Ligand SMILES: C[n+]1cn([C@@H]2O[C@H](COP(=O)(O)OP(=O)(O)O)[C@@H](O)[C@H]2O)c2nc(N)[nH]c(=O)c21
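Here you get one chain, nothing else, as structure tokens; it is the form solved without the ligand.
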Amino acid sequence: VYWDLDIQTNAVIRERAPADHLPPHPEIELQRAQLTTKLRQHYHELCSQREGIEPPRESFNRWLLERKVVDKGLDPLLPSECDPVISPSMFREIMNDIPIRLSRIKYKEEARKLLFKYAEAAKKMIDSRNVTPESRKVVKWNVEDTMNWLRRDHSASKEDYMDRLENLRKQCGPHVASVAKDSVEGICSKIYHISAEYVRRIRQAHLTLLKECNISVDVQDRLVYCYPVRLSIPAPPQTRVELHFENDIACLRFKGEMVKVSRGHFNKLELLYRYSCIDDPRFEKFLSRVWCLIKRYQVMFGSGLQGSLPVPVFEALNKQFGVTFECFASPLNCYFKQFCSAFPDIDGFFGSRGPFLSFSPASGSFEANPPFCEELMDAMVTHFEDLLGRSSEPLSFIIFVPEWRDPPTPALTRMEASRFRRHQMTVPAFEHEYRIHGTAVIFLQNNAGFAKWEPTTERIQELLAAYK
């Protein structure tokens, strides 16, 4: 019992024309998977060759999210037409691991080794790369001072080694950053430009497949309850995808390539497809599409970027505040059968209303638990206030984000200063759901939304009780 697909939407939108996404097919999904693996490999080689580091953990996935905020290109997953070319997300994450990645410390000896490793790497940087005379002498002095300190007889504590590293990094940081800046920007640009080449290859392959199938690739005022994204281009024929179950795991094989999903999630997808798909009355295309869906999300992940909410919390959001819709979800993790998601081309068959920034409700009660991408969260806040100010119909958004204050994300600061904020509180932080400080819960509502779904004391109390 991890979802409630019986709850009907109360989201109201203007009727939309069907979307122009090329309809998914496992042949194309497999190629996109193989090229995205190669792209991650290029990123690994660039980080190693240019800066001697591993790719910062989760940075490639966060890059995909940031790029999609601005991407105007043709692929549902990979970026190809972005201004600016250099991702501020990837740049920021690589620079934080220069000249080395700081790892977790448990023991005094691990702290001493990390401090030495930092000092040694900063020295090799200054010895082997172009650096201004001012920056060179400052780093050289700090490295030499640290090595002299480590040379002393009587040893210090673990906390003293950690404090020495924090101070050393504070002094060297800006100088090391100035040495590596142009190199790091070059990694960000190159991986974007390789992505664009791969996107062109996938696009041509997908166009050629639809032509092989003899498939042609060539109202705003009416308000309706929301409905899944529909594709204007007819879908290609089903392909051969084989299903069998092993130990409650659904195994789907396309041309020898296997993907797996739990039996419970599989049965969920079958139900979402019954509720959401209108072009496949005999389920002939169902296994082809489930294979594409699982593969797409496996590729997106690559096998610390998002968190989920416990079922009793969604029950309380629906019962106390009328929530029927998730602004950020996937067919695999949604609680409601109506939600926005990253991949309209494949997720629409399973209930997706498309990406959130392209979704424009006039009314409804919503929950939002975005992935941890600062750029996406900032666009989300702008989108919230645009929608809340465009409509006088009841409109509410209940938003869950990490309570981070060192420094706070621009999104969290803007939401706390919003003219639509009706309430704010702290609930326990995101934890692993089986299916650091805390979680900020922010209520953004227009006048009509505040009248209909007011966060009264009793309603807030029942929502808090859903954690107890």
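Each residue number is its position in the shown sequence, starting from 1.
*Asks:* Among the other entries of this protein that model both neighbours of residue 306, is it absent from at least a third?
*Replies:* It is, since residue 306 is left out of at least a third of the other entries that model both flanking stretches.
*Asks:* Can you check if residue 218 is missing its coordinates in at least one third of the other PDB entries compared, counting only those that model the residues either side of it?
*Replies:* That residue is missing from at least a third of the other compared entries.
*Asks:* According to the entry, are there none, 1 to 3, 4 to 9, or 10 or more residues of the deposited sequence without coordinates between residue 303 and residue 304?
*Replies:* 4 to 9 residues lack coordinates between residue 303 and residue 304.
*Asks:* Please figure out whether residue 421 and residue 422 are truly consecutive in the deposited sequence or have unmodelled residues between them, and give none, 1 to 3, 4 to 9, or 10 or more.
*Replies:* According to the record, the chain runs unbroken from residue 421 to residue 422.
*Asks:* If you average the CA temperature factors over each stretch, which comes out higher, 92 to 100 or 287 to 295?
*Replies:* Averaged over C-alpha atoms, the B-factors run higher in 92 to 100.
*Asks:* Hey, which bit's got the bigger mean C-alpha B factor in the entry, 372 to 380 or 386 to 394?
*Replies:* Here the higher of the two C-alpha B-factor means belongs to 386 to 394.
*Asks:* Looking at the C-alpha B-factor values in the deposited entry, which of 274, 265, 152, 117 comes out highest?
*Replies:* Within the set 274, 265, 152, 117, 152 shows the top C-alpha B-factor.
*Asks:* From the list 34, 41, 413, 59, select the residue with the highest C-alpha B factor recorded in the entry.
*Replies:* Most elevated C-alpha B-factor of the set, per the entry: 413.
*Asks:* Could you place residue 156 in the lowest, middle or highest third of its chain by Cα temperature factor, using the values in the record?
*Replies:* Ranked within chain, residue 156 CA B lands in the highest tercile.
*Asks:* Quick check on the deposited entry: does the C-alpha B-factor of residue 26 sit in the lowest, middle or highest third of its chain?
*Replies:* According to the entry, residue 26 has a C-alpha B-factor in the chain's lowest third.
*Asks:* Sorting by Cα B-factor within the chain, modelled residues only, which third would residue 50 end up in: lowest, middle or highest?
*Replies:* Its C-alpha B-factor belongs to the middle third of this chain's values.
*Asks:* By the recorded C-alpha temperature factor, relative to the other modelled residues in its chain, which third is residue 320 in?
*Replies:* Its C-alpha B-factor belongs to the highest third of this chain's values.
*Asks:* Taking the entry's C-alpha B-factors for this chain, is residue 355 in the lowest, middle or highest third?
*Replies:* Within its chain, residue 355 is a lowest-third residue by C-alpha B-factor, going by the deposited values.
The next section is about a form of this same protein that is not shown, the form deposited with the ligand bound.
*Asks:* Counting only non-hydrogen atoms and a 4.5 angstroms cut-off, does residue 437 reach the ligand in the deposited bound form?
*Replies:* Result yes; residue 437 sits at the interface with the ligand in the deposited bound form.
*Asks:* Give a yes or no for residue 315: in the deposited bound form, does one of its heavy atoms lie within 4.5 Å of a heavy atom belonging to the ligand?
*Replies:* The answer is no: residue 315 has no heavy atom within 4.5 Å of the ligand.
*Asks:* Could you confirm whether residue 408 comes within 4.5 Å of the ligand in the deposited bound form, counting heavy atoms only?
*Replies:* Contact with the ligand, yes.
*Asks:* According to a 4.5 angstroms non-hydrogen atom cut-off, is residue 230 in contact with the ligand in the deposited bound form?
*Replies:* Result no; residue 230 lies far from the ligand in the deposited bound form.
*Asks:* The ligand isn't shown here, but in the deposited bound form, which of 92 to 100, 231 to 239, 139 to 147, 158 to 166 has heavy atoms within 4.5 Å of it?
*Replies:* Only one stretch passes the 4.5 Å heavy-atom test: 92 to 100.
*Asks:* Sequence order please: the residues of 359 to 391 with a heavy atom within 4.5 Å of the ligand in the deposited bound form.
*Replies:* Read in sequence order, the lone residue that approaches the ligand (within 4.5 Å, in the deposited bound form) is 374.
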